[PDB]
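Student: Chains as they are written, first to last, in the UniProt record's numbering: chain A, 24 to 103; chain B, 24 to 102; chain C, 39 to 136; chain D, 167 to 270; chain E, 167 to 270; chain F, 32 to 125; chain G, 279 to 744; chain H, 12 to 118. Beta carbons are placed, not taken as given, at the ideal position from N, Cα and C, and that holds for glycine.
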Ligand SMILES: *[C@@H]1O[C@H](CO[C@@H]2O[C@@H](C)[C@@H](O)[C@@H](O)[C@@H]2O)[C@@H](O[C@@H]2O[C@H](CO)[C@@H](O[C@@H]3O[C@H](CO[C@H]4O[C@H](CO)[C@@H](O)[C@H](O)[C@@H]4O)[C@@H](O)[C@H](O[C@H]4O[C@H](CO)[C@@H](O)[C@H](O)[C@@H]4O)[C@@H]3O)[C@H](O)[C@H]2NC(C)=O)[C@H](O)[C@H]1NC(C)=O
Ligand code: HEM
Ligand code: HEM
Ligand SMILES: *[C@@H]1O[C@H](CO)[C@@H](O)[C@H](O)[C@H]1NC(C)=O
Ligand SMILES: *[C@@H]1O[C@H](CO)[C@@H](O)[C@H](O)[C@H]1NC(C)=O
Ligand SMILES: [Ca+2]
Ligand SMILES: [Cl-]
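Quick look at the structure:
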């Protein structure tokens, strides 16, 4: 159940490289994992609330889109 | 019409002191004046648009409140 | 010839202005600036006093928050002096100039 | 204290693995403020007659109950937002939490 | 104890008028954190061999002193901004403040 | 003179419920009215969007409860939900 | 030096002296019996006197299972391997379980009825035999544990007696915690104090001290202001139950024969559910049943419960009202005007000033119950602060908290979230009409009463092991 | 007819259930509005108002003041984590700022 370690150090390094980072400290990975967990917790909580209001057991992509729009992170290309 | 200089250096210093700033460089005042001018330009443009839509020649407090709320800067105390 | 240290009066002002609720900008110059700026959008404009007061309050709050962020940026760079690059970095990260 | 346990102990021990006696039974209370006795450590206020508390005489508890607590029963005010279940569960929870033994 | 005083009591009694014991001599220490004993209340860690603290064996104090504290004396460096008066006054103040008795 | 309605009487009643002796000023009333209007608008808009998403033409207590859960943070949402549920149950009983 | 019969102030006796012109006691030579609490370690002139807590501070239903190993072993049914608790071997409540009888040398239970000869009951706490409502609670929890063990034995035939007992005890403790922290404390403290002192649960601090504060044992006695002067019994239609529908409280103390021979615990539970409590007003604090006639039948003279509370606070050496106001971060009044402003009742401030002389000398219980109640609450700011702090420490400092990870599974936690005291009453008694949600608020029949069948039941399928 | 009884009195509230219902009906939120929605909304509004007013009154008492001014409202909002999160992008007029000086700037 320790799936937060599934976001490996090379993946975080790749994400930093896409962001234009040349050198990465060794303690960056834990901070990135914590930030990702917090963001995912917020978005997934909103999506699960939307799903529960609809009396559904399956979380759809449209619920995730609504959650992201609620946080102010409108996402294009998934759903509509 | 040079009224941006009406926001004097002591006023900017006071605003920084309220923000917890201890030491201020000499070139900060011009940057603060520019930032204030940009912010006021945006807010006043939105308020004047709201006023023109209402067919009025007077800018009211409600127009400014709506202009600020449109920018995610909700202001409490004027309606 | 009692002269305070170059940091004592600054801290005294910080403590004084963080405990008050007044407006730190003179009202008449700000009103003149607001009218001059509004002259660029519509000629022959009239302003309610409450409108100018609301604009002043919003501007002062925005500047205070920006200066707090700028102080954080300056402290990050191992400094106590507030510099324009700190303001620019804060505005970029906030999303204004970005 | 065992390294692994699935259930509580009856005596309440080993709940806090650093200080196992925290919360266990037959242990002294925790004082949030220093105690205030007549002589400082053991004698309660009102034990020795003529000794004042903070420059004022100590009022008898029965006298305080007579003057302040006493009120006519017929003027009782019912509670329209609470039931006797509230009070009964309060007493049950109190008997769950604390009990101060006295000599027989 | 007297309501009005001009000098300290040699024992420290009634310095705090609400709780006279506070600060007096021959009194127990205050606990900022709960005690952590081997058996919970009285036995120190390292008393009975084979008992581990926080899942780890208890290190001998002499072994820790030998490994970490020890250093060659000739490599001593002096403090340019302090004198032995500093540590002597520290010891004098410590002897002013506290002293834990031990049995004869 | 037209009649302008505001949440001043009700805010004063709540204040006297909480602080019978403490009074309020005019600017504090203005801020209270603005805050009440803003929260009302936020909750109503969230409930309307919830109703539109599920293809419903009616705003019910469920939509308001879900909007409260979505907007209000932490224990505020739980306490507000409990208060609203109690009020709705009391109204249904009476 | 017997304190119950002698008024000489010799340890451990600390008798209450009778003021002149007492309405009830006309002889000043008499006194109210009183026993000093046992010191933490007797005879020590070095340590400040401290009192002993004889029960586990955690909310673990120690009133049902006990806090000592011999008593806990004696409370169980060792004649089998179903992990049940001991029940009465002589009487039954309409075919349902009853608490076992307890053998003490000086039993006050037979003093109330010398004809019934029904002794006191045996439970996890020795105070369970006061008063039929508490005995009804203890019997209900006993029946609930037995039913839970029976259902678990049905689900898992491989489990032994010890496993059944431990699992049923775990479920009962989790139920008690849920009911306490979800239904009771919000009504006690109020939403403001509940949110201020009991925030959202996060995880298990091992650094939080879970011990019970000395002041808490006297601050939680605010419930003495909610006590009604009568015991009410209702029949199946929630009507007064003849004979004796309303019995004075002075005739129910230590009266287990009422529980045994007078229809069991169903009428008592119905009366608890369908009767309003007593409101705490600054001019109506405590009734005369507990103030003039407490334990009248089993004692040589009636006791005074508020006077006992304040004498116990003095015995425990607790600080005054101002010290605790300072402790909780509240302003401390100094004059009669400041005290009147704080209390919102000027006449009460004059009375308190006359009795004590300074706000610093006001006893903790008196000042706590004299304060105006919080909005949607039943305690003052000081009492709310103390109670909220104590329960926050008891919640965060408990390793076996039901919400703590590893204690219950996620499915088990969700199943436990559906429990309710109304459902327990429906399951473990013959009551078919039961009050709605927040049983501590519904008090008027039949406006806030529903049928027992509409209550969702606890689904134990998540406890099946495979 | 029978004597009129306000819906707020029936629900045990002090905020106007009828006014909230009218605002919901005329606010262009949905085609229809249920009968229990105004009660829930009024209860939530009353709870939030009571929370903020209680905190502001406590702040005013801490300052030895009898009346609540916008400074007390700002102190109440900014000192509460959940209220600060709710009113994060909200400016309160004449509210000032929380007294806070960075540690590194201290002598
Ligand atoms: C004279 O000093 C008094 C004591 O001073 C202490 O020692 C000195 C040397 C300093 O270090 C000082 O900071 C120490 O407090 C002082 O009275 C003190 O006042 C404070 C602030 O009001 C009180 O703290 C409050 O206590 C309660 C309970 O919380 C405490 O106790 C529980 C149980 O032990 C713990 O779990 C807590 O962590 C705390 O230890 C609360 O009411 C409160 O916290 C809540 O409230 C505040 C605002 O109301 C919020 O910010 C918090 O988040 C909480 O919601 C405070 O923690 C302190 O108890 C009290 N001490 C004593 C001994 O009574 C006094 O002010 C000084 N006099 C003058 C004139 O300056
Ligand atoms: C010539 C100097 C010193 C001598 C002979 C000395 C020796 C000792 C000894 C034998 C003990 C008791 C050992 C124990 O209980 O474990 C002790 C404890 C202690 N020392 Fe020192 N030490 C010296 C310097 C200092 C200094 C410089 C300080 C502080 C600045 C200090 C502070 C203390 C304190 C507070 C104690 C606690 C008393 C106790 O444990 O009973 N000492 N010292
Ligand atoms: C039939 C009901 C009750 C009886 C017989 C009773 C009687 C007593 C007596 C005689 C004491 C010892 C002296 C003292 O009051 O400090 C006591 C203590 C106590 N009471 Fe009550 N009271 C009752 C109701 C309540 C209620 C409703 C509550 C709480 C909601 C409560 C809470 C307490 C607590 C926590 C103690 C401390 C235990 C101790 O000191 O031994 N009681 N009770
Ligand atoms: C133990 O349980 C059995 C049924 O399994 C019951 O008949 C018996 O009376 C119980 N014994 C005691 C002492 O409660
Ligand atoms: C004592 O109990 C008996 C039943 O055993 C009952 O008839 C009698 O009335 C009781 N006495 C009193 C005084 O209640
Ligand atoms: Ca317990
Ligand atoms: Cl204490």
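Compare the C-alpha of residue 193 (chain D) against each of D:270, D:269, D:264 and name the closest.
Tutor: Closest option to residue 193 (chain D), Cα to Cα, is D:264.
Student: Quick one: what's residue 99 (chain B) bridged to in DSSP?
Tutor: DSSP lists H:103 as partners of residue 99 (chain B).
Student: Going by other Cβ atoms of all chains shown within 10 Å of its Cβ, with 16 needed for buried, is residue 40 (chain C) buried or exposed?
Tutor: Residue 40 (chain C) comes out exposed.
Student: Tell me whether the beta-carbon of residue 103 (chain F) lies closer than 8 Å to the beta-carbon of residue 98 (chain H).
Tutor: It is not a contact, given that the beta carbons lie outside the stated cut-off.
Student: Using DSSP with H/G/I as helix, E/B as strand and the rest coil, what is residue 243 (chain D)?
Tutor: Residue 243 (chain D) falls in the coil class under three-state DSSP.
Student: For the region 80 to 99 of chain H, enumerate the residues whose C-beta is nearer than 8 Å to any C-beta of chain B, in chain order.
Tutor: Within the region 80 to 99 of chain H, the qualifying residues are 81.
Student: Roughly how far, in whole angstroms, is the beta-carbon of residue 236 (chain D) from the beta-carbon of residue 302 (chain G), given that I think they are within contact range, below 8 Å?
Tutor: That pair is no contact at about 10 Å.
Student: Within 10 Å of its beta-carbon, does residue 252 (chain E) have 16 or more other beta-carbons around it, so buried, or fewer, so exposed?
Tutor: It is exposed - the Cβ of residue 252 (chain E) has fewer than 16 other Cβ atoms within 10 Å.
Student: Apart from the five residues on each side of it in sequence, which residues of its chain come closer than 8 Å, Cβ to Cβ, to residue 695 (chain G)?
Tutor: These residues qualify, in order along the chain: 456.
Student: For residue 213 (chain E), is the classification buried or exposed, using 16 other Cβ atoms within 10 angstroms of its Cβ as the cut-off for buried?
Tutor: Classification of residue 213 (chain E): exposed, given that the 10 Å Cβ count is below 16.
Student: Is residue 371 (chain G) helix, strand or coil when you go by DSSP?
Tutor: Reduced to three states, the DSSP call for residue 371 (chain G) is strand.
Student: So, at 6 Å on beta carbons, what are the nonlocal neighbours of residue 386 (chain G) in its own chain, with the 5 sequence-adjacent residues on each side left out?
Tutor: Excluding sequence neighbours, residue 386 (chain G) sits near 532, 576.
Student: In whole angstroms, give me the CA-to-CA distance for residue 540 (chain G) and residue 511 (chain G).
Tutor: Rounded to the nearest angstrom, the two C-alpha atoms are 10 Å apart.
Student: So residue 211 (chain E) packs on residue 224 (chain E), CB below 8 Å; how close in whole Å?
Tutor: The Cβ separation is near 5 Å, so the contact holds.
Student: Determine the DSSP secondary structure at residue 288 (chain G), reduced to helix, strand or coil.
Tutor: Correct three-state label for residue 288 (chain G): coil.
Student: Can the beta-carbon of residue 97 (chain C) be found less than 8 Å from the beta-carbon of residue 101 (chain B)?
Tutor: Against a cut-off of 8 Å, the Cβ pair of residue 101 (chain B) and residue 97 (chain C) comes out as no contact.
Student: Is residue 708 (chain G) closer than 8 Å to residue 372 (chain G) when the C-beta atoms are compared?
Tutor: In this structure, residue 708 (chain G) lies closer than 8 Å to residue 372 (chain G) by Cβ.
Student: Express the C-alpha separation of residue 112 (chain H) and residue 70 (chain C) in angstroms, rounding to a whole number.
Tutor: The alpha-carbon atoms of residue 70 (chain C) and residue 112 (chain H) are separated by roughly 33 Å.
Student: Taking the CB atoms as reference points, tell me whether residue 98 (chain B) and residue 22 (chain H) lie closer together than 8 Å.
Tutor: No.
Student: Span of the alpha helix (DSSP H) holding residue 70 (chain B)?
Tutor: Residue 70 (chain B) -> alpha helix (DSSP H) spans 51 to 76.
Student: Just tell me which of F:95, F:32, F:83, F:114 has its CA closest to the CA of residue 48 (chain H).
Tutor: For the residues F:95, F:32, F:83, F:114, the minimum Cα distance to residue 48 (chain H) belongs to F:95.
Student: Considering only residues of the same chain and omitting the five flanking positions on each side of residue 362 (chain G), which have a CB-CB separation below 6 Å?
Tutor: Closer than 6 Å at the Cβ level, and outside the excluded window around residue 362 (chain G), lie 355, 424, 427.
Student: Kindly provide the chain-ordered list of residues whose Cβ lies closer than 5 Å to any non-hydrogen atom of ligand 2.
Tutor: With the cut-off at 5 Å, the residues found are E:253, E:256, E:257, E:260, E:266.
Student: Can you find a C-beta in chain G that's less than 8 Å from the C-beta of residue 220 (chain E)?
Tutor: Not closer than 8 Å to any Cβ of chain G, the Cβ of residue 220 (chain E) fails to qualify, so no.
Student: Of all the options H:16, H:30, H:13, which has the alpha carbon lying nearest to the alpha carbon of residue 41 (chain F)?
Tutor: Considering only alpha carbons, the answer is H:30.
Student: For residue 685 (chain G) and residue 642 (chain G), I'd like the C-alpha separation in whole angstroms.
Tutor: Near 37 Å, if we compare the C-alpha coordinates of residue 642 (chain G) and residue 685 (chain G).
Student: How about residue 589 (chain G) and residue 600 (chain G): are their beta carbons less than 8 Å apart?
Tutor: Result no, Cβ atoms of residue 589 (chain G) and residue 600 (chain G) do not sit closer than 8 Å.
Student: Report the residue ranges of all alpha helix (DSSP H) runs contained in full by the region 577 to 626 of chain G; include only those spanning at least 4 residues, in chain order.
Tutor: Counting only runs of 4 or more, we get 583 to 593, 599 to 605, 614 to 621.
Student: Just to make sure I have the definition right: I need the residues of chain H whose C-beta is within less than 9 Å of the C-beta of residue 99 (chain B). Which are they?
Tutor: What residue 99 (chain B) touches in chain H: 81, 84, 98, 101, 102, 103, 104, 106.
Student: Rounded C-beta distance between residue 341 (chain G) and residue 403 (chain G)? I'm assuming under 8 Å.
Tutor: With 8 Å as the limit, residue 341 (chain G) and residue 403 (chain G) qualify as a contact, their Cβ atoms being about 5 Å apart.
Student: Pull the bridge partners of residue 90 (chain F) from the DSSP assignment, please.
Tutor: Note: residue 90 (chain F) sits in a beta bridge opposite H:44.
Student: Please confirm whether residue 49 (chain F) and residue 57 (chain H) have their CB atoms less than 8 Å apart.
Tutor: No; because the gap between Cβ atoms is not below 8 Å, this pair is not in contact.
Student: Of all Cβ atoms in chain A, is any one closer than 8 Å to the Cβ of residue 87 (chain F)?
Tutor: So, not an interface residue.
Student: Residues around ligand 5, please: the ones whose beta-carbon is closer than 5 Å to some heavy atom of it, in chain order.
Tutor: Going along the chain, the residues that qualify are G:391, G:393, G:394.
Student: Where in the region 369 to 454 of chain G do unbroken runs of the alpha helix (DSSP H), each at least 4 residues long, occur, reported from the N-terminal end onward?
Tutor: For the region 369 to 454 of chain G, whole alpha helix (DSSP H) runs of length 4 or above, ordered along the chain, are 387 to 390, 410 to 433.
Student: Taking Cβ-Cβ distances shorter than 7 Å, what residues in chain H pair up with residue 45 (chain B)?
Tutor: What residue 45 (chain B) touches in chain H: 116.
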